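Student: There's a structure below that I have some questions on.
Written out as structure tokens, the structure is:
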């Protein structure tokens, strides 16, 4: 389980299942020590709106 | 072709098949080396959402 | 058609920097393009190659050579592909005065 991944139970249509969840950087972080812009999240994985 | 393709097997509706994925540059790369506006993809091929 | 148009545009913008680097008319220029409807929809990609030369003509300023029709599909690296229904195409273009 390298950092930024965690187990997560889920109650799918037929029984439970132990699907993982994962996250990662998208661009190198220190583009600017002085920068000020939202570090916007980008969700992925066939998300429902809720 | 050396830059930008790789043969890709795929399980088409009838038999297998050998589709090529192809990618290319879209604009001169270095108009401003010091800037920070990440290069968007544009995907094609009539992909479904998944 | 939108798909084929986009890929053709990208190939055009790529070929020009590959060939004539100093020109940049196409990298920065809003450009309307008009492809009249009438091609059978399954055959609709077949016209793709023509666009890629159309744009190039405008990007260099030379009018095309006289009465020289062409067709065929293109790929992002420029490997042209076979297109069907050649017979109807030949018989129709023959009487338009096309020669090459």
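Chains as they are written, first to last, in the UniProt record's numbering: chain A, 760 to 809; chain B, 760 to 809; chain C, 810 to 909.
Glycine residues also receive a C-beta, built at the ideal position from the N, C-alpha and C atoms.
#1: State yes or no: is the C-beta of residue 884 of chain C within less than 9 Å of the C-beta of residue 781 of chain B?
#2: Against chain A, does residue 808 of chain B count as a neighbour if the rule is that its beta carbon must be under 9 Å from one of theirs?
#3: What first and last residue would you give for the alpha helix (DSSP H) that runs through residue 812 of chain C?
#4: Thinking just about the alpha-carbon of each residue, which of A:787, A:783, A:791 is nearest to the one in residue 801 of chain A?
#5: Should residue 779 of chain A be labelled buried (16 or more other beta-carbon atoms within 10 Å of its own) or exposed?
#6: Which residue's Cα is closest to the Cα of residue 855 of chain C: C:869, C:824, C:891?
#7: Please state whether DSSP places residue 897 of chain C in a helix, a strand or coil.
#8: Give me the DSSP bridge partner(s) of residue 884 of chain C.
#9: State yes or no: is the C-beta of residue 853 of chain C within less than 9 Å of the C-beta of residue 810 of chain C?
#10: Please confirm whether residue 882 of chain C and residue 889 of chain C have their CB atoms less than 9 Å apart.
#11: By the 10 Å Cβ neighbour count, where 16 or more other Cβ atoms means buried, how is residue 887 of chain C classified, buried or exposed?
#12: Is residue 865 of chain C helix, strand or coil by DSSP?
#13: For my contact list, residue 868 of chain C and residue 818 of chain C are in at a C-beta cut-off of 8 Å; report their separation, rounded to the angstrom.
#14: Would you kindly work out how many angstroms separate the C-alpha atoms of residue 760 of chain B and residue 766 of chain B, rounded to a whole number?
#15: Any beta carbon from chain B within less than 9 Å of residue 833 of chain C's own beta carbon?
#16: Tell me which residues of the stretch 781-801 of chain B have at least one Cβ-Cβ distance to chain C shorter than 8 Å, keeping chain order.
Tutor: If we stick to the structure as given:
#1: Here residue 884 of chain C refers to the residue found at position 75 when the third chain is read from its first residue. Here residue 781 of chain B refers to the residue found at position 22 when the second chain is read from its first residue. Yes; because the gap between Cβ atoms is below 9 Å, this pair is in contact.
#2: Start at 1 with the first residue of the second chain, and residue 808 of chain B comes out as number 49. Judged by the 9 Å Cβ criterion, residue 808 of chain B is in contact with chain A.
#3: Here residue 812 of chain C refers to the residue found at position 3 when the third chain is read from its first residue. It spans 811-828 - the alpha helix (DSSP H) in which residue 812 of chain C sits, taken as one unbroken run.
#4: Here residue 801 of chain A refers to the residue found at position 42 when the first chain is read from its first residue. The shortest Cα separation from residue 801 of chain A among A:787, A:783, A:791 belongs to A:783.
#5: If you number the first chain from 1, residue 779 of chain A lands on position 20. With fewer than 16 Cβ atoms within 10 Å of its Cβ, residue 779 of chain A is classed as exposed.
#6: To locate residue 855 of chain C, count along the third chain from 1; it is residue 46. Cα-wise, what sits closest to residue 855 of chain C is C:891.
#7: Translated into positions along the third chain, residue 897 of chain C becomes position 88. Helix, per DSSP.
#8: Translated into positions along the third chain, residue 884 of chain C becomes position 75. Beta-bridge pairing links residue 884 of chain C to no other residue.
#9: By one-based count along the third chain, residue 853 of chain C stands at place 44. By one-based count along the third chain, residue 810 of chain C stands at place 1. Yes, Cβ-Cβ distance for residue 853 of chain C and residue 810 of chain C is below 9 Å.
#10: Numbered from its first residue, the third chain carries residue 882 of chain C at position 73. Numbered from its first residue, the third chain carries residue 889 of chain C at position 80. In this structure, residue 889 of chain C lies closer than 9 Å to residue 882 of chain C by Cβ.
#11: As a first step, residue 887 of chain C is located in the third chain; it is residue number 78 there, counting from the start. Burial call: exposed.
#12: Start at 1 with the first residue of the third chain, and residue 865 of chain C comes out as number 56. Helix.
#13: Numbered from 1 along the third chain, position 59 holds the residue referred to as residue 868 of chain C. Numbered from 1 along the third chain, position 9 holds the residue referred to as residue 818 of chain C. Incorrect: roughly 12 Å between the Cβ atoms, too far for contact.
#14: In the second chain, counting from the first residue as 1, residue 760 of chain B sits at position 1. In the second chain, counting from the first residue as 1, residue 766 of chain B sits at position 7. Straight-line Cα distance between these residues: approximately 11 Å.
#15: The residue given as residue 833 of chain C occupies position 24 in the third chain. Yes, residue 833 of chain C counts as interfacial toward chain B.
#16: 781, 782, 783, 784, 785, 786, 787, 801
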